[PDB]
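**Q** Experimental structure and sequence below, a few questions after.
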Amino acid sequence: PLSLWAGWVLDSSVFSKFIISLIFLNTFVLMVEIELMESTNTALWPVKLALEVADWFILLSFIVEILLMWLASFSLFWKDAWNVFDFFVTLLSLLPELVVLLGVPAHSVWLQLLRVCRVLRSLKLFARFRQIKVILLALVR
Amino acid sequence: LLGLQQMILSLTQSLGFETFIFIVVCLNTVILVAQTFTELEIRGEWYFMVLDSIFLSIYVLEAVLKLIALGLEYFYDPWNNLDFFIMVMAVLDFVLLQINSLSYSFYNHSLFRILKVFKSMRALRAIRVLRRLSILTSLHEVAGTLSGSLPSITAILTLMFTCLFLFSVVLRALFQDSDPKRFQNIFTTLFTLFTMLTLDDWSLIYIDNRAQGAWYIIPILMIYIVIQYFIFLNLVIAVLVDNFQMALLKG
Amino acid sequence: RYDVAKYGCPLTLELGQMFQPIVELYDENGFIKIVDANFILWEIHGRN
Amino acid sequence: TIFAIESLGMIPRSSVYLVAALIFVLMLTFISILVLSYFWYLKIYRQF
Amino acid sequence: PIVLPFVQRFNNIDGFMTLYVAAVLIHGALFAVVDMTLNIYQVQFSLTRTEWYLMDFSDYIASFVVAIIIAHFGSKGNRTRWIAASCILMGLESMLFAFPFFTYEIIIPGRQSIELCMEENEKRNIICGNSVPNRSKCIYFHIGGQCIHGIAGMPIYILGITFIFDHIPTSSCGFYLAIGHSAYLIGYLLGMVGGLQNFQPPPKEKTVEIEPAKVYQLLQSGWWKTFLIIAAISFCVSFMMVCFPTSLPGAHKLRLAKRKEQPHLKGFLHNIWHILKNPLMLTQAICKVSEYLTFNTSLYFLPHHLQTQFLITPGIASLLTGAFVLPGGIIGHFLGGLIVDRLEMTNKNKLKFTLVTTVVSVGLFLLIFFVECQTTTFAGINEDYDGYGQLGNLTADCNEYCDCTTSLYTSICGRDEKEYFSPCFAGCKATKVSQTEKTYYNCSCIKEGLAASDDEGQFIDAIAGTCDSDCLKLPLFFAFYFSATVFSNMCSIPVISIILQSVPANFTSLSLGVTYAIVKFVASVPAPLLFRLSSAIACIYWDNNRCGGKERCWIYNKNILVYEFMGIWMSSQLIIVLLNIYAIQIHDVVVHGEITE
């Protein structure tokens, strides 16, 4: 198991399709909930709450993703390439759950910065094309 | 009337498509450019739409001939797909006007706006099929050298799309309860980010945001403006300059 | 305990709206004029 | 003069446990899927 | 002269399986209708709960006395003919159950008893009990219907699974068992849905006292329609299955492929000796007994738990327990079958898999108990009515004025967060009723109260039903019950797959009957007595003033009932775990002895 399991779930095309589907579903859902949080549609209120809680479930999927990352080289991954930036962004995206469970966010929440951080991480971990990659290499050099 | 009908249709289609289609589309273009023309329509408005219906009947005859023609390879042409789409909306709005009665709003409504823009790509397709001859080789080569680097510019516009969407999300998030009245929804948001991307009264944004209580949103807008400007404009300019530069290096 | 003989019929105001307390003078036969003065509002018991 | 105002607000039900039920349904289904994939890979690791 | 390809495809194994699914579905629908029909019959037709227990046990004892005899009969004769005979007896049973609800609908009506009750008197309509006459005939009809129902329904569940065992490979035996159990489960769901869509009163629920009489007519009319429909469907299924040939072509092809590469009392005794000598069968039998006991206890106890803890009205509580015990159960059965079918599970791996499933189910039950340890809103039992009267002040002048009967007392909720039994005793002599809600007017025996309330055309309105302010634990408990039902339904399929392995092909008929005898006699007979003993332990404060011999209680002690039922469930699950940990070692020893590598 462990590293073999991480390799198998990375090699399987069903897991990659599922995670990218969850990624773009979360990005599409994210802007919907901020549009209306009132009693304009009573029948659409519990399902909108369920959509926000589906986003919380995507955060739990990020938790099991970092569990799969713990299954990898563990302590060696603490200092690496942009994957460690992705790990830090996922930690910052898990943080709003803690700051609403114990922080009482009637203050400068700064949930929006972490939200846009996880949004940009999702928009960069979208299986970027080679035409994007070559122009990105040109831009970084 | 199978393959024999197909080859008869091919020969007579060449002949009648060279002869009949050119003159009737030229007349349709003449009446349409005399029609759009919002000074002579009051010197008209009665001899105009009858000719529209007549030439739309001619166009649906073109559609009927193309449907009875060879079929699949005709569909394989994207311009012919656009023609089929245009004829679909043409028969749709024609029968909508023909049935009358109905139960929705009328007398120059939004659907009528959709119809006259439908007649606008009808005029565009007439213009496109009138230029079968004398497209001029100089601008033909210019257009080919324009279209040579399609993947690079499509990648750059995808990048600029992702960057604008990210900037829209972060600015709408940071501007909550900070008088959203200019950009209260997603459309007006992305339009304000379009103005910020097109250098349009963002200095006015700075001066009327200093009147508000938030000041740190101005450096954020500042750095976002300057990085997206320099990166995108420089990338597109460089890409198209080099694309024409290999063409210059060749013959 | 709230009531009507000492407190009157209460308002049934919907979700948040705009209200101006505007008061007019009245005596004996009927009202005299609208009142332009300086007003103070206070709750019966006390809130913040 | 006296007057009493009763204005409706927007304090709804929290429904936090109502949606925590959905949370629990979801990660139980994910655990069941992981267990099914676990047993499948226990069947198919002996080939390698 | 029927040589049609339709026949040549209908004699295939899938053709048999389709009619078996249909028969199991209609049997489940009929059983689900019959159980609640008997319950409402006992509630409405003025009888005692001991008779409900008696005619519920009649079906179980009929199944017990028919199982062994029909296994012995089908072990020597054709299974198809006995299945057709059972379906014929089933179709007769449905009409025999329908007949009393149409012939004897004038036993206890609201006002139609014109011989001894008169319309202008209210007290004389509830006395002069002529309903007790012409009821013993209905009791005889129902006990005969239950007997013939068991005798006609059991062989099916015996011989259909026998057909699956003897003529389907083990790669699809699990699938067929899973879809048969799912057919029974969805039959239970569909039958309860059809029953409760008609027994419940129409949207004119809250009219004058002709409403109970018209409900009394309507429920028997609906049962009369549904039972005749079920009888016609069963007779059509029996006639279609009669045309099936004895020698199945696919079964004969399977037997020809597998050929290559007298049930005497002495043989019966030798078979019982082999069963008793092999301790795996005994372990699986006691495990199935405990699983069935836990499932039946949960099904009987969950609606009562909802009423006593979450304030869930009986029919709504039973509807919730039903409609949310199926989506977990059918998925668990399907997964349990499909895992074995796809992965070709072995016996030791099956035992380990069942042990793991039972361990996680025990953990989930512990989590359920931990959640139940939380507090909730309390209704009643407030240590006397605020000092005004004692426990027994319910028979006051307000109770006497409007002539309330203590057997149908509901819960009203005042505006001062105090809940009162007997809303008519609460002092409300006026009842003006809205289209979607029941309420009471001019309440005088109530406390001060009148905190906020709400009305447009009048005032002083006490709403009906039990008010709840903290009911968010119910979805959490329902999700935990989903998981528990999944892991309870998923354990049974590997047990039956184990049962298949240790029995040869020629004797596989009697194993199902041997297990089902212990299912219906050892488990199903003393379990209701134990449930009644636990219920009597919990319900100490019976209604001794009028109700008398423990027929209706009011104070259901939540902590004591939760603790006792959870102790019983934990003891049963630990018995299952201990049996599995014995059987793992036993099967390992047997495998080592038979391999001796």
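**A** Yes, it's here. Residues are numbered from 1 along each chain as shown, chains lettered A, B, ... in the order given.

**Q** Chain C contacts on chain A?
**A** residue A:39 (C-beta under 8 Å from any C-beta of the partner chain). Just so you know, the C-beta spots here come from the backbone N, C-alpha and C atoms, and that holds for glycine as well.

**Q** ok, longest helix in chain A?
**A** The longest helix of chain A (DSSP state H) is helix A:45-70.

**Q** Just the buried positions in that helix, please.
**A** A:45, A:48-49, A:51, A:53-62, A:65, A:69 (16 or more other C-beta atoms under 10 Å in any protein chain shown).

**Q** With stretch E:365-385 instead?
**A** Judged by neighbour count using 16+ other C-beta under 10 Å, the buried positions of stretch E:365-385 are E:365, E:368-369, E:372, E:376, E:379, E:385.

**Q** Rebuild those residues as a markdown table, extending it with distance to chain D and secondary structure.
**A** Formatted as a markdown table, the buried residues of stretch E:365-385 follow (distance: C-beta to the nearest C-beta, whole Å; DSSP: H, G, I helix; E, B strand; the rest coil):
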| residue | distance to chain D | secondary structure |
| --- | --- | --- |
| E:365 | 14 | helix |
| E:368 | 12 | helix |
| E:369 | 16 | helix |
| E:372 | 14 | helix |
| E:376 | 12 | coil |
| E:379 | 20 | coil |
| E:385 | 31 | coil |
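
**Q** if we can go back for a sec, and the buried residues of helix A:45-70 near chain D, which?
**A** Within the buried residues of helix A:45-70, those near chain D by C-beta under 8 Å from any C-beta are A:45, A:49, A:53-54, A:56-57, A:60-61.

**Q** List just the nearest of those residues to residue A:101.
**A** Nearest to residue A:101 among those is residue A:56, at 11.2 Å by C-beta to C-beta.

**Q** wait, doesn't the closest one sit right on residue D:22?
**A** No - counting by C-beta atoms under 8 Å, residue A:56 does not reach residue D:22; the two are 9.3 Å apart.

**Q** Can you classify the residue nearest in space to the middle of chain C as helix, strand or coil?
**A** When C-alpha atoms, centre = their mean is applied to chain C, the residue found nearest the centroid is residue C:21 (6.3 Å). Secondary structure, DSSP: H, G, I helix; E, B strand; the rest coil: residue C:21 is coil.

**Q** Quick one: the helices in chain A, in order.
**A** Counting by DSSP H, the helices of chain A are A:3-11, A:13-33, A:45-70, A:82-101, A:111-124, A:130-140.

**Q** Of the ones you listed, give the one that comes closest to residue E:67.
**A** Closest to residue E:67 of those is helix A:13-33 (C-beta to C-beta; 45.8 Å).

**Q** Please see if the closest one touches chain D.
**A** No - figure legend: helix A:13-33 not in contact with chain D (C-beta under 8 Å from any C-beta); closest approach 8.6 Å.

**Q** Residue E:553 - nearest residue in space that isn't next to it in sequence?
**A** Spatially, and ignoring its direct neighbours in sequence, residue E:553 is nearest to residue E:539 (3.8 Å; C-beta to C-beta, 6 or more residues apart in numbering or on different chains).

**Q** can you pull the contacts of that neighbour?
**A** By C-beta atoms under 8 Å, 6 or more residues apart in numbering or on different chains, the contact set of residue E:539 is E:550, E:553, E:555-557.

**Q** Please enumerate the strands of chain C.
**A** In chain C, the segments counted as strands under DSSP state E are C:24-27, C:30-34.

**Q** Now distance to chain E and mean neighbour count too, for those strands, in a markdown table please.
**A** As requested, the strands of chain C are exported to a markdown table (distance: least, C-beta to the nearest C-beta, whole Å; neighbours: other C-beta atoms under 10 Å in any protein chain shown):
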| stretch | distance to chain E | mean neighbour count |
| --- | --- | --- |
| strand C:24-27 | 30 | 9 |
| strand C:30-34 | 31 | 9 |
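
**Q** and the helices of chain A, which is most packed in?
**A** Most buried of these by mean neighbour count (mean count of other C-beta atoms under 10 Å in any protein chain shown) is helix A:111-124; its value is a mean of 18.

**Q** give me the residue from chain D nearest chain B.
**A** residue D:10 (15.5 Å; C-beta to the nearest C-beta).

**Q** let me fix that: chain E
**A** Taking C-beta to the nearest C-beta, chain E has residue E:472 as its residue nearest chain B, at 29.0 Å.

**Q** Residue E:377 versus that residue, what's the distance?
**A** Using C-beta to C-beta, to the nearest Å, residue E:472 is found at 11 Å from residue E:377.

**Q** just residue A:66 next, same as before
**A** 40 Å.

**Q** Wait, residue E:113 touches residue E:130, no?
**A** Yes - counting by C-beta under 8 Å, residue E:113 touches residue E:130, with 6.1 Å between them.

**Q** if you count what's nearby, which of these two comes out ahead?
**A** residue E:113 (18 against 14; other C-beta atoms under 10 Å in any protein chain shown).

**Q** and chain C, which of its residues are near chain A?
**A** residue C:15.

**Q** what about whichever residue of chain C sits closest to chain B, how many neighbours?
**A** Closest approach between chain C and chain B, counting by C-beta to the nearest C-beta: residue C:16, at 14.9 Å. Residue C:16 has 9 neighbouring residues, counting by other C-beta under 10 Å.

**Q** what's the closest non-adjacent residue to it?
**A** residue D:7 (6.8 Å).

**Q** now do residue E:459
**A** Per C-beta to C-beta, 6+ apart, closest to residue E:459 is residue E:453, 7.1 Å.

**Q** three-state assignment of that neighbour?
**A** Here residue E:453 is recorded as coil under three-state DSSP.

**Q** Wait, it touches residue E:440, no?
**A** No - under the criterion of C-beta under 8 Å, residue E:453 makes no contact with residue E:440, lying 11.7 Å away.

**Q** circling back to that earlier point, turn the helices of chain A into TSV, columns for distance to residue E:591.
**A** Output for those, formatted as TSV (distance: least, C-beta to C-beta, whole Å):
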stretch	distance to residue E:591
helix A:3-11	30
helix A:13-33	36
helix A:45-70	37
helix A:82-101	48
helix A:111-124	52
helix A:130-140	56
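
**Q** Tell me which of those helices sits nearest to residue E:80.
**A** Distance to residue E:80, taken as C-beta to C-beta, is lowest for helix A:13-33 among the helices of chain A, at 43.9 Å.

**Q** so which residue of the stretch 1-150 of chain B comes closest to chain C?
**A** For the stretch 1-150 of chain B, C-beta to the nearest C-beta, closest residue to chain C: residue B:105, 31.3 Å.

**Q** contacting residues around that residue?
**A** Contacts of residue B:105 (C-beta under 8 Å, 6+ apart): residue B:111.

**Q** List, one by one, the residues from chain D near chain E.
**A** Selection of chain D residues close to chain E by C-beta under 8 Å from any C-beta yields D:14-18, D:20-22, D:24-25, D:28, D:32, D:36, D:39-40, D:43.
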